[PDB]
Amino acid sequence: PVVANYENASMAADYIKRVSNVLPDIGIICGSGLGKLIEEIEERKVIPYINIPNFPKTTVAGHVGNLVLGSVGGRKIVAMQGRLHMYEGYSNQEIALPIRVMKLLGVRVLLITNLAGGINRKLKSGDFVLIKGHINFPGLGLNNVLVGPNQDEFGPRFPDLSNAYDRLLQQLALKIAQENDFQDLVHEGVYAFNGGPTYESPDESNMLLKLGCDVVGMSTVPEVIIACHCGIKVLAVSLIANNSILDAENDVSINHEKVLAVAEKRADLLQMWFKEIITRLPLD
């Protein structure tokens, strides 16, 4: 049933270290349609999940499932190609293990993107939101990704999340957007985690507006919590597919096809942005 413990994560890391010969400092997890950066991986090594000891089985959902290692912007990185989402039914242990493997591989910074709905009236389709905090409905409701025995080797029983979204990384991301004159697309905000897989209902959207949420999505918070637990710094950026409040007012529906079209519209800019961020990251 593979628990995301020290022994099991170590066995996966040992396999990866041997096969790739890359020691990554940075990890990357991408939103759907936002995977182009993994094409710029120089000296790349592709490792199917299915080959890695103790990695989660992903064949029921299918589609791509690779760990990709190599160099971006002069830095060594490890990327997940084929993301695990909790609405697919993956367990807490299955979500946690690949991030803890990143930790054992030497990852100190995790960069994450996702697609999400805009709740704040200021947000438009195609905007970026630097996530500065979250409202974790699964966590409040006994489905926190850390429910279960604590793995002491990685972190504490009761983590504090007040610094889960690194302030310096947010400031660096904004700086680079300003230098390249697309800062008008960049916002900061609070992310509500909707477990999914149904989109927020119109009345759910309205409730989230009342509760001080700026953005809503079905991902990212579980990964953030596992990273924070084991001391990995996180930058999380949402690409806004739509404004759910406006759509509710106008009786307009959300669909994944529209979402992917927005991802295609911004994928190249997001790639350029994150490549520069990687280049500008501290060597420490």
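Numbers follow the displayed sequence, beginning with 1.
- As recorded in the PDB entry, 171-179 is the stretch of 97-105 and 171-179 with the greater mean C-alpha temperature factor.
- Mean C-alpha B-factor is higher over 161-169 than over the other stretch, the pair under comparison being 128-136 and 161-169.
- Highest CA B-factor among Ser238, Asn243, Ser253, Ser219, as stated in the entry: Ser253.
- By the numbers in the PDB entry, the CA B factor is greatest at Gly74 among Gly148, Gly74, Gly118, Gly195.
- Looking at the C-alpha B-factors along this chain, the one for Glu204 belongs to the lowest third.
- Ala4: CA B factor in the lowest third of modelled residues in this chain (values from the PDB entry).
- Among the modelled residues of the chain, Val234 sits in the lowest third by CA temperature factor in this PDB entry.
- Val190 sits in the lowest third of its chain by CA B factor, as recorded in the PDB entry.
- In the deposited entry, the Cα temperature factor of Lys210 sits in the top third of values across the chain's modelled residues.
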